[PDB]
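This report refers to the structure that appears directly beneath it.
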Amino acid sequence: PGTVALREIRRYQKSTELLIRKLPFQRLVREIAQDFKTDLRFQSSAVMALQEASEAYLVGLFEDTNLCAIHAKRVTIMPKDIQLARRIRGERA
Amino acid sequence: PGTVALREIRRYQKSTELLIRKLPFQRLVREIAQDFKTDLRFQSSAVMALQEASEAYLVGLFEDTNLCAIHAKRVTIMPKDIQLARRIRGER
Amino acid sequence: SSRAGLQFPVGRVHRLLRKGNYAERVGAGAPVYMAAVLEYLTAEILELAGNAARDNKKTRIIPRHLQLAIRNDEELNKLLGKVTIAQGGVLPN
Amino acid sequence: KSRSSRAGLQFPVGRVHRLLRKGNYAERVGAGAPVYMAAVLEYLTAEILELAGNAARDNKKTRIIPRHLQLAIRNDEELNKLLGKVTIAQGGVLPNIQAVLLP
Amino acid sequence: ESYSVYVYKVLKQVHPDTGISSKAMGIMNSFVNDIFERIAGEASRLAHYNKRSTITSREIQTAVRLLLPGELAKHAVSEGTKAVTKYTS
Amino acid sequence: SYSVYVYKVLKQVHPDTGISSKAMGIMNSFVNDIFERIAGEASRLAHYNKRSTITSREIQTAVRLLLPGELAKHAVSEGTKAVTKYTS
Amino acid sequence: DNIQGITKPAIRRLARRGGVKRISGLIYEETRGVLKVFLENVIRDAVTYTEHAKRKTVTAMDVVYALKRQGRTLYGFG
Amino acid sequence: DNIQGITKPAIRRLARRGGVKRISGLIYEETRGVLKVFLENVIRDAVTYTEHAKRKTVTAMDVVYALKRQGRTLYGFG
DNA sequence: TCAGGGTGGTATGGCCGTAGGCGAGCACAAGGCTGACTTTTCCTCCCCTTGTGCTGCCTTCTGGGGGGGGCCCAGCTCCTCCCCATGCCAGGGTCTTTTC
DNA sequence: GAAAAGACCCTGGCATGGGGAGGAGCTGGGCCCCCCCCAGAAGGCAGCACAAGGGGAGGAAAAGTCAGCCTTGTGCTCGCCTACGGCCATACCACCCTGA
């Protein structure tokens, strides 16, 4: 139960596509922006710029969470690894 | 062995002095700047600014190192911890 | 400053704006706004740094009080998150 | 006369001049600032593009795509440090796994 | 740029007993000379974003709420619109 | 938009390899970013010494502050070569 | 409600891109909260820029500016 | 060779200020080489400004700007 | 030593007309993706032991901190002026948009 | 990516205020030395508690399977928003003197 994970890593590191479905992500963008301004409109490139950055922030956060996991002599990443990574990069202490 | 370390923690956390000796710090600074430009003078305030920046940087690093030890179920901070903190920070 | 009720110098901030090359034209409300915002922020950071001084049984403000007040907050700490306050020490934690 | 040939350059020293002046960076702008900041960017572009073209030829391809620019930037140590806050769109990540993770 | 004369006035209105040491005055000079460049570096590029040439209370308002956290920007903007209103009037 | 000059540089270094329309919308952002970087640093360098002009000394110091290591060394060399060729 | 459109396969795919081999079952909600905070922080700045330019539509550059305002300059969107 | 002037007691006091309880035996040598690169960066970004201003005395303002350009602002020295 | 009252002007900006691109909304398949389930293997987590490196303490000896003083190169100021960068206009060369 | 037409400012020429490079004067503060002496560092030893290895158990990810659903690629429409244009209104800059 660790070989499919190793080929999944080798598959999703070689590719550059967007791993979050565009329609639900655009719905999330539109549902968040509403609390700031009602009747707001977006371009296609506004959504595709929010997503293309939200999918690099999360990948970087995961490459730091994995480092915390390896530090703790572990392979299963846990929420406390994310918390440590965020605290140390200063995102939210 | 460790209660004297907790009282030490309290003492050096309640205090704002410079924990590195000023003359050795100055000689280190003037040794470092010699590589860049020889016969380079320094102010007193310039060296004090460097020592205030460095002693806050190192103190801030030793707080991330302690987190990287509490993560690994340890109390002894180690170079492994310093490198983990300095890599997650972005410096390494 | 007298017309706008500002203890910060509206004329001086106007001179700083014009000489600072921010734009080629500074309006007549720009330095009035940006001498009430700085004045308010200074008042905000002095309130807490004086309350800390009252907490250390001292009639004087010191960088220790300033760092203590700035860090023991939520929004001032977020704003001044990459600032080194000389002779400030660190919060007892 | 072409001041971007008087220097030996290919970036427009004239357009860099007008951008330096319009951007409000100083009340005056010298006569060598546009030529210096049209050879810094030309050299930096000629470096990143050469590295990305090499990365594309390593993938048996003949057209640079954002993946190759990201590969070149994140593979070179200097460009890593220069572009350390840059999110290259449609770039992916560097193919790399931990050694504590393999069987 | 010394604001030492003015930082001392505003303290006399809030704390009429507490003083500032010369080391803590040299810090508040660095503070005000820092949020001054912070605000009018955001209110500067905002004009260039709009291809505009004038920095006014519309751009200062935007820069303030673009750099100040949460309830701070809700108050920093509040004081300014209470200032420019009196200045023009 | 620097697309034509990025094309010229690309054709000069790698004359067989081409560039995509989205690998070109990154070079434009790259050049626009590393312009607004050196130009802001040279602006600070002029303002601190209380100058009104920006020249190829404030550009050179900004290069030396921004670019790391051999990048800065070679960029300074190229800038000096271009300015000393324009002047001549 | 739309935060669950970031499905468990999507977060796991992102983690596999980040090199994560094994994923605990609580990582998914943590990543959803994290993404929500990131999006809330960037969109606020983008809409503030849009309101300043008096527009009604959030342009791509209005987001690029909100992203370079956070030290996360984004290349590729003009 | 004045890097040994950052003595083990000083590195331990700096550690106690951060909250460290127990210190390994390689922490001192590993902190010396961290402070060395930090100073090597700042005392290069300050001498750059010094040389530009055609001065030979490094000023607190050169240091403060060299620190500001690395994301670490310092309040107190001008 | 610098900000404020008064004059003139002109350029930057405010307001209405407009038309067209793009952004939102609606069906419609229908296959790829997702969600639920099951088995089971591997990973996490706890417990035990030890032996080793870390701490605490004691003594000695050093070298950094606190002054005092000399001097001597360096940074700041003042005045000259000259050489560099700017405001403005003519014309076309180059950069911008479309088509294959 | 190359060919073809257009339109927008690039480059040259002319007149000009001004910005900074230079020489001189000055003074100040940074380096260098001298003395003391006492607190701090360095070394050594006892002892102790903590990190790391070993082992075992169980439970929670992971892999394979199957059924449902819903994103999306497509087509179509409506309209509103926004960039451009035209006209003109007044806000602030350059300048002249003064008083805080």
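Just so it is clear, the values below take in all heavy atoms, side chains as well, and ignore hydrogens, waters and symmetry mates. Numbers restart at 1 for each chain; the letters A, B, ... are given by sequence-line order, proteins then strands.
A:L23 comes within 4.0 angstrom of a nucleotide base, judged by non-hydrogen atoms across all strands. Within the nucleic acid shown, A:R7 has no heavy atom closer than 4.0 Å to any nucleic acid atom. B:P24 comes within 4.0 angstrom of sugar-phosphate atoms only, judged by non-hydrogen atoms across all strands, and of no base. Contact annotation for E:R58: no contact, since no heavy-atom pair falls under 4.0 Å across all strands. Among the atoms of the strands shown, only primed sugar atoms or phosphate atoms (P, OP1, OP2) are found under 4.0 Å from some heavy atom of C:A28. Within 4.0 Å of B:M78, counting heavy atoms only, lie sugar-phosphate atoms of the nucleic acid but no base atom. Nucleic acid contact class of A:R21 (heavy atoms, under 4.0 Å, all strands): sugar-phosphate only.
Between F:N28 and F:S1, the closest heavy-atom pair is ND2-OG, 3.6 Å.
A close approach under 4.0 Å does occur between a side-chain nitrogen or oxygen of A:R27 and OP1 or OP2 of J:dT71. Between I:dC54 and H:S24, a contact under 4.0 Å exists linking OP1 or OP2 to a side-chain N or O. At the phosphate of J:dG18, neither OP1 nor OP2 sits under 4.0 Å from any side-chain N or O atom of F:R51. For I:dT34, the OP1/OP2 oxygens have a side-chain nitrogen or oxygen of G:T7 closer than 4.0 Å. In this structure, C:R18 does not reach the J:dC93 phosphate: none of its side-chain N or O atoms is under 4.0 Å from OP1 or OP2. An OP1 or OP2 oxygen of I:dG23 is reached within less than 4.0 angstrom by no side-chain nitrogen or oxygen of A:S44. For J:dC31, the OP1/OP2 oxygens have a side-chain nitrogen or oxygen of B:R30 closer than 4.0 Å. An OP1 or OP2 oxygen of J:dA60 is reached within less than 4.0 angstrom by no side-chain nitrogen or oxygen of A:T76. OP1 or OP2 of I:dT94 has not a single side-chain nitrogen or oxygen of D:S2 nearer than 4.0 Å. Between H:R22 and I:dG53, a side-chain N or O to OP1/OP2 separation shorter than 4.0 Å is absent. Proximity of H:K56 to the phosphate of I:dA74: a side-chain N or O atom is located under 4.0 Å from OP1 or OP2. Residue F:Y5 places at least one side-chain N or O closer than 4.0 Å to OP1 or OP2 of I:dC95. Look at H:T57 and you'll find a side-chain N or O under 4.0 angstrom from OP1 or OP2 of I:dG75. Distances shown here put every side-chain N or O of B:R41 at or beyond 4.0 Å from the OP1 or OP2 atom of I:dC73.
Only the P atoms considered, I:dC100 is 32 Å distant from I:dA24, to the nearest whole Å. Distance check on atom P: J:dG86 versus I:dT96 gives 24 Å, rounded to whole Å. Nucleotides J:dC84 and J:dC8 have their P atoms positioned 11 Å apart, rounded to a whole Å.
When the nearest nucleotides of DNA chain J are assigned to D:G14 and D:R28 by heavy-atom distance, the more 5′-ward of the two goes with D:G14. In terms of position along DNA chain I, the nucleotide closest to B:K73 lies nearer the 5' end than the nucleotide closest to the other residue of the pair B:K73 and B:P1.
A 3.5 Å limit on both hydrogen-bonding distances identifies no Watson-Crick or G-U partner for J:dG99. I:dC84 is unpaired under the Watson-Crick or G-U wobble criterion, no partner having all donor-acceptor distances under 3.5 Å. Of the nucleotides present, none pairs with J:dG17 by Watson-Crick or G-U wobble criteria with both distances under 3.5 Å. In this structure, I:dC76 forms a base pair with J:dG25, meeting either the Watson-Crick or the G-U wobble geometry with both donor-acceptor distances under 3.5 Å.
A donor-acceptor distance shorter than 3.5 angstrom exists from the side chain of H:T50 to the backbone of H:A46, with no hydrogens or angles considered. Judged purely by atom type and a 3.5 angstrom limit, B:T38 has no side-chain atom pairing as donor or acceptor with the backbone of B:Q34. At distances below 3.5 Å, not a single donor-acceptor pair connects side-chain atoms of A:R27 with backbone N or O atoms of G:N2.
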Practice item. Take B:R7 and B:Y12 through the side chain to side chain donor-acceptor pair (under 3.5 Å) test and state the conclusion after the steps. Key: CA-CA 9 Å; B:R7 88 161 92 271; B:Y12 295 93; over 6 Å; no

For this session: Show your reasoning for whether side chain to side chain contact (heavy atoms under 4.5 Å, CB included) applies to H:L26 and H:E30.
Result: CA-CA 6 Å; H:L26 303 136; H:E30 221 260 347; 5.5 Å; no

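Between A:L40 atom CG and I:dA24 atom P there is a gap of 9 Å when expressed in whole angstrom units. Residue H:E51 contributes atom CD, which lies 14 Å from atom P of I:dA74 at whole-angstrom precision. Atom CD1 of B:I20 and atom P of J:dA41 are 11 Å apart (whole Å). The separation between E:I55 atom CD1 and I:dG13 atom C1' is 16 Å, rounded to whole Å.
A 6.0 Å sphere centred on NZ of A:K22 holds no more than 12 heavy atoms belonging to other residues, nucleotides or ligands.
Taking syn as a glycosidic angle within 90° of 0, I:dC84 qualifies as syn.
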